[PDB]
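The structure appears below as structure tokens.
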Amino acid sequence: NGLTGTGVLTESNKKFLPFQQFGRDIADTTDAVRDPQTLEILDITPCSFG
Amino acid sequence: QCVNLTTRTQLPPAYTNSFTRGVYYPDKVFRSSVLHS
Amino acid sequence: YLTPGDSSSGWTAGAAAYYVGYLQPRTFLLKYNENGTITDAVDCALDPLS
Ligand SMILES: *[C@@H]1O[C@H](CO)[C@@H](O[C@@H]2O[C@H](CO)[C@@H](O)[C@H](O)[C@H]2NC(C)=O)[C@H](O)[C@H]1NC(C)=O
Ligand SMILES: *[C@@H]1O[C@H](CO)[C@@H](O[C@@H]2O[C@H](CO)[C@@H](O)[C@H](O)[C@H]2NC(C)=O)[C@H](O)[C@H]1NC(C)=O
Ligand SMILES: *[C@@H]1O[C@H](CO)[C@@H](O)[C@H](O)[C@H]1NC(C)=O
Ligand SMILES: *[C@@H]1O[C@H](CO)[C@@H](O)[C@H](O)[C@H]1NC(C)=O
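Residue numbers (the entry's author numbering), protein chains in the order written: chain A, 544 to 593; chain B, 14 to 50; chain C, 248 to 297.
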């Protein structure tokens with residue numbers, strides 16, 4: 544939906560209210576998103592680690 | 014069709030306490046397990 | 248049929264109550280549980296304890 548980024552997308556267990564599209568963590572980065580065509584929630588995890 | 018009603022008794026106003034009422038979601042972002050200021 | 252009046256004295260009220268309060272600009276501390284619901288809040292200007 545215009546929000547760009549990089550990472551790994553995985554199936555999620557969070558459950559958004561109908562007026563919500565993005566989810567943010569404590570550092571205010573987007574870590575969850577609702578897919579605009581299948582209406583399923585996805586988690587976004589960074590790629591570099593270790 | 015517009016009337017001025019009657020048969021109404023007089024009384025002073027009444028007040029009450031709001032016990033931590035009236036909070037709303039301030040954005041449309043999802044947050045979980047957090048304390049947000 | 249129990250409200251004779253004419254049209255300005257023949258009416259019964261019913262039963263309801265409503266309460267009115269006014270908002271002001273405050274700082275609150277909201278608590279989101281794991282499901283994403285706000286379950287508690289702290290009014291940061293009510294007392295020194297808060
Ligand atoms: C968006 O369009 C896609 C197709 O372009 C729709 O996907 C269909 O979804 C139904 C589920 O009810 C499937 O049975 C179809 O096979 C899907 N089609 C394809 C081509 O995969 C999708 O439903 C549309 N969005 C909405 C909200 O209806
Ligand atoms: C209901 O009561 C009000 C008074 O509380 C009446 O008001 C006046 O209305 C005339 C026009 O008709 C104005 O020129 C006056 O200036 C108003 N005075 C005040 C104090 O409001 C009103 O006419 C009444 N209406 C009915 C249907 O009874
Ligand atoms: C609310 O304000 C009015 C103003 O006079 C006062 O009389 C009343 O006691 C107040 N109520 C409370 C619960 O403080
Ligand atoms: C949400 O959390 C409540 C307890 O705070 C729990 O009872 C409920 O099952 C949870 N909802 C689910 C199952 O996602």
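No residue lacks a Cβ here, since even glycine has one placed at the ideal position from N, Cα and C.
Residue i burial status per 10 Å Cβ neighbour count (16 or more: buried)
i	result
residue 34 (chain B)	exposed
residue 587 (chain A)	buried
residue 43 (chain B)	buried
residue 580 (chain A)	exposed
residue 271 (chain C)	exposed
residue 253 (chain C)	exposed
Residue i to residue j span [Cα, whole Å]
i	j	result
residue 561 (chain A)	residue 286 (chain C)	19 angstroms
residue 570 (chain A)	residue 282 (chain C)	19 angstroms
residue 248 (chain C)	residue 260 (chain C)	14 angstroms
residue 26 (chain B)	residue 48 (chain B)	38 angstroms
residue 46 (chain B)	residue 38 (chain B)	15 angstroms
residue 274 (chain C)	residue 20 (chain B)	46 angstroms
residue 294 (chain C)	residue 14 (chain B)	52 angstroms
residue 23 (chain B)	residue 36 (chain B)	34 angstroms
For residue i, the first and last residue of its enclosing beta strand (DSSP E)
i	result
residue 582 (chain A)	It is not in any beta strand (DSSP E) - residue 582 (chain A) carries neither H nor E in the DSSP assignment.
residue 279 (chain C)	275–279
residue 257 (chain C)	Here residue 257 (chain C) belongs to no beta strand (DSSP E), and DSSP marks it neither H nor E.
residue 285 (chain C)	285–290
residue 565 (chain A)	565–567
Within chain D, partners of residue i - CB distance below 9 angstroms
i	result
residue 33 (chain B)	Of the chains in the structure shown, none is chain D; the protein chains are A, B and C.
Best match in the options for proximity to residue i [C-alpha to C-alpha]
i	options	result
residue 552 (chain A)	A:577, A:570 and A:544	A:577
residue 29 (chain B)	C:262, C:267, C:260 and C:261	C:267
residue 583 (chain A)	A:548, A:590, A:589 and A:566	A:566
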